[PDB]
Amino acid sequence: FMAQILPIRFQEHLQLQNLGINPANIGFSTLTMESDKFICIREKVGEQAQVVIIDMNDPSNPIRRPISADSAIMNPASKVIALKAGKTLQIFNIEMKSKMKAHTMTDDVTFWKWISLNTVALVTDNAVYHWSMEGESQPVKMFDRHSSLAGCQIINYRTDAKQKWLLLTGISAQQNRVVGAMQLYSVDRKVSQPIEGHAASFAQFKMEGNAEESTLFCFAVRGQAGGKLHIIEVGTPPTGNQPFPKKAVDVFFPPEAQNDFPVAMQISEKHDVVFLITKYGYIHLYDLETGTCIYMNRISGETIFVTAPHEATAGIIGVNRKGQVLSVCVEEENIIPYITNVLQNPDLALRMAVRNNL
């Protein structure tokens, strides 16, 4: 019953191979998507290093230039790009064709990412730094790396909106298993906590009855107990708030997907829904308040290796290994019908309508 309506809208936005990208460069080491505004690809054509910027508002006109960099990340919003070569980092203003700032690190930066409109996080083998793109400031060390992530491939770093909670995520091969290792750091406490996790995100959520938003930490893991997802408030509730009761739910994997595991998460600011993507190209939806699983489906035939928030729909946008650029968001008009008649969870249907963010 109601087999035809879905709680999500799937969209294809682009096929990068149709825009002249070599499929060999459609991967984590050469293609970045730091927000839904831009895709940046490093390509070696003949002997020439080139960097291609796809403006998602004008994608059929990619800009391609000879630029030598080990890594290239567009600003989430501005026409500004961070470039790295060896231990030397530069931030460049594209629109004004001008160098903004440069810095030479002592240690190699193995992973970097824009964490805000104006700040780029730098991960080295032993520490994490934040670097403002503005003014004269140098990178500032935020914390030292926990031994539990030693030797990991770093896969993500992110913060809460207030930049008081910092999360570093790595994976390692333990025999034939991919084991996720996170470090959660409290700026104010100066304390780290090691956490077995594969994908996470922070979120701000206003509980019924509270005047102030709660800062939530959501992570998903496939460990020895199977797939689990946790939704936890970090630190102490804002003055006047009740605390958010911790939620813990299973994360399902079908029998034919024993080697699947979580790889990405984004949280809808408008809908209070967690989007979880797996290595095999499945998407899951969970309610942020309860952890309730809303929907699961395989949405991509290829691994989706990078994601970002999709701002226009308060959804998730990603790029798969073949170059499909795809998004998923809540279908606002069919979500409650689906919850009512397919999930048959009227409490969730009621709570979503009472939030009234549809």
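The first residue of the sequence shown is number 1, and the count goes up from there. Rigid core here is just the name for the largest C-alpha set that superposes within 1.5 Å across the two forms.
- Taking the rigid core as the alignment reference, the C-alpha atoms of 170 to 178 lie farther on average from the displayed form in 8 other deposited structures of this protein than those of the other stretch among 170 to 178 and 226 to 234.
- Of 122 to 130 and 92 to 100, the stretch whose C-alpha atoms sit farther from the shown form in 8 other deposited structures of this protein, after fitting on the rigid core, is 92 to 100.
- With 48 to 56 and 329 to 337 compared on mean CA B-factor from the PDB entry, the stretch scoring higher is 48 to 56.
- Mean C-alpha B-factor is higher over 221 to 229 than over the other stretch, the pair under comparison being 133 to 141 and 221 to 229.
- Of the candidates 93, 239, 259, 278, the one whose C-alpha carries the top B factor in the deposited record is 239.
- Annotation for 113, 103, 177, 198: 177 ranks highest, by Cα B-factor.
- Per-chain ranking of the deposited C-alpha B factor places residue 204 in the middle third.
- When the modelled residues of the chain are ordered by their C-alpha B factor, residue 272 lands in the middle third.
- In this PDB entry, the Cα temperature factor of residue 247 sits in the top third of its chain's modelled residues, the highest group.
- Residue 160 sits in the middle third of its chain by CA B factor, as recorded in the PDB entry.
- Ranked within its chain, residue 97 lands in the middle third, by CA B factor from the PDB record.
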